[PDB]
Structure formats: C-alpha cells, structure tokens
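Have a look at the structure below, then the notes.
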Amino acid sequence: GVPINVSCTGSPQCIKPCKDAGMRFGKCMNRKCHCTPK
C-alpha cells in the first residue's frame, strides 16, 4: 500500500509504526515495512 522506511526482522514489527503514522495494518516484506492505508 504505502511503503514506510522501517527495518524488519519479521511481519509483527510494522503493526505499531503503521498505526502511529495513520494506517490500518503493517505487513512487512524482506527487511522493509508496507502499510495498508486507512
């Protein structure tokens, strides 16, 4: 959806950074967060 620059180890890392910016979910690809916009 909207790519945010947040370095991941797995998918649970992006849930709080996506919510605090202004989005619903945080699904992380290989080392990089991808938020689902609200």
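By convention here, the chains of the structure tokens are called A, B, ... in the order presented, each chain's residues are numbered starting at 1, and ligands are numbered starting at 1 in the order presented.
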
Self-check item: Distance query residue 29 in chain A at most 9 Å, only C-alpha atoms, self and fewer than 5 positions along chain excluded, as a PyMOL selection string
Solution: chain A and resi 8+10-11+34

Quiz prompt | Secondary structure check, helix (DSSP H, G or I) residues of chain A, as number ranges by chain | solution = A: 11-21

Go ahead and write the selection's residues with N, CA, C and O atoms as a short mmCIF file (atom, residue, chain, number, x, y, z; two decimals), in the first residue's frame.
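Contents of again_23.cif, as written:
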data_model
loop_
_atom_site.label_atom_id
_atom_site.label_comp_id
_atom_site.auth_asym_id
_atom_site.auth_seq_id
_atom_site.Cartn_x
_atom_site.Cartn_y
_atom_site.Cartn_z
N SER A 11 7.13 -10.03 10.13
CA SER A 11 5.85 -9.28 9.93
C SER A 11 5.30 -8.52 11.19
O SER A 11 4.89 -7.37 10.97
N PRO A 12 5.27 -9.01 12.47
CA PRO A 12 4.84 -8.22 13.66
C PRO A 12 5.51 -6.84 13.98
O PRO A 12 4.89 -6.02 14.66
N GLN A 13 6.74 -6.59 13.49
CA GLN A 13 7.46 -5.29 13.65
C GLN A 13 6.72 -4.03 13.10
O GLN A 13 6.73 -2.99 13.76
N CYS A 14 6.10 -4.11 11.91
CA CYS A 14 5.39 -2.98 11.26
C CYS A 14 3.98 -2.59 11.81
O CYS A 14 3.49 -1.53 11.42
N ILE A 15 3.34 -3.39 12.69
CA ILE A 15 1.96 -3.14 13.22
C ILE A 15 1.83 -1.76 13.96
O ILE A 15 0.98 -0.96 13.58
N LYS A 16 2.67 -1.49 14.99
CA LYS A 16 2.68 -0.20 15.72
C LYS A 16 3.20 1.00 14.84
O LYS A 16 2.44 1.97 14.78
N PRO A 17 4.37 1.01 14.12
CA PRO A 17 4.74 2.09 13.15
C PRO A 17 3.68 2.51 12.08
O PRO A 17 3.48 3.71 11.87
N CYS A 18 2.98 1.54 11.44
CA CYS A 18 1.81 1.81 10.57
C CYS A 18 0.61 2.50 11.29
O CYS A 18 0.16 3.55 10.83
N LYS A 19 0.14 1.96 12.44
CA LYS A 19 -0.92 2.56 13.28
C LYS A 19 -0.62 4.01 13.80
O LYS A 19 -1.47 4.89 13.65
N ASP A 20 0.57 4.24 14.38
CA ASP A 20 1.03 5.60 14.82
C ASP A 20 1.17 6.66 13.68
O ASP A 20 0.84 7.82 13.91
N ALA A 21 1.63 6.28 12.46
CA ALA A 21 1.62 7.18 11.27
C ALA A 21 0.19 7.57 10.78
O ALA A 21 -0.09 8.77 10.64
#

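The gap separating CA of residue 2 in chain A from CA of residue 23 in chain A is 8.9 Å, in Å to one decimal.
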
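Taking CA of residue 37 in chain A and CA of residue 5 in chain A as endpoints, the distance between them is 15.1 Å.
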
Quiz prompt | Picked from chain A by DSSP as strand (DSSP E or B), as an MDAnalysis selection string | solution = chainID A and resid 2:4 23:29 32:37

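Excluding residue 22 in chain A and any residue on its chain fewer than 6 positions from it, the residues at most 10 Å away by only C-alpha atoms are residues 35, 36, 37 and 38 of chain A.
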
Need to verify the contact set: residue 7 in chain A, 8 Å, only C-alpha atoms, exclusion of same-chain residues closer than 2 positions in sequence. Can you return it as a CSV table (one decimal) with N, CA, C and O atoms, in the first residue's frame?
chain,number,residue,atom,x,y,z
A,5,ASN,N,9.8,3.5,5.6
A,5,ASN,CA,11.2,3.1,5.8
A,5,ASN,C,11.4,2.7,7.3
A,5,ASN,O,11.8,3.5,8.2
A,9,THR,N,12.6,-7.6,11.1
A,9,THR,CA,13.1,-9.0,11.3
A,9,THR,C,12.0,-10.0,10.9
A,9,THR,O,12.3,-11.0,10.2
A,31,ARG,N,13.1,-7.3,5.2
A,31,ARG,CA,13.7,-6.1,5.8
A,31,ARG,C,13.0,-4.7,5.6
A,31,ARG,O,13.5,-3.7,6.1
A,32,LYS,N,11.8,-4.6,5.0
A,32,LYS,CA,11.1,-3.3,4.7
A,32,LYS,C,9.6,-3.3,4.9
A,32,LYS,O,8.9,-4.2,4.3
A,33,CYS,N,9.1,-2.4,5.7
A,33,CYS,CA,7.6,-2.3,6.1
A,33,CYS,C,6.7,-1.8,4.9
A,33,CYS,O,7.1,-0.9,4.1
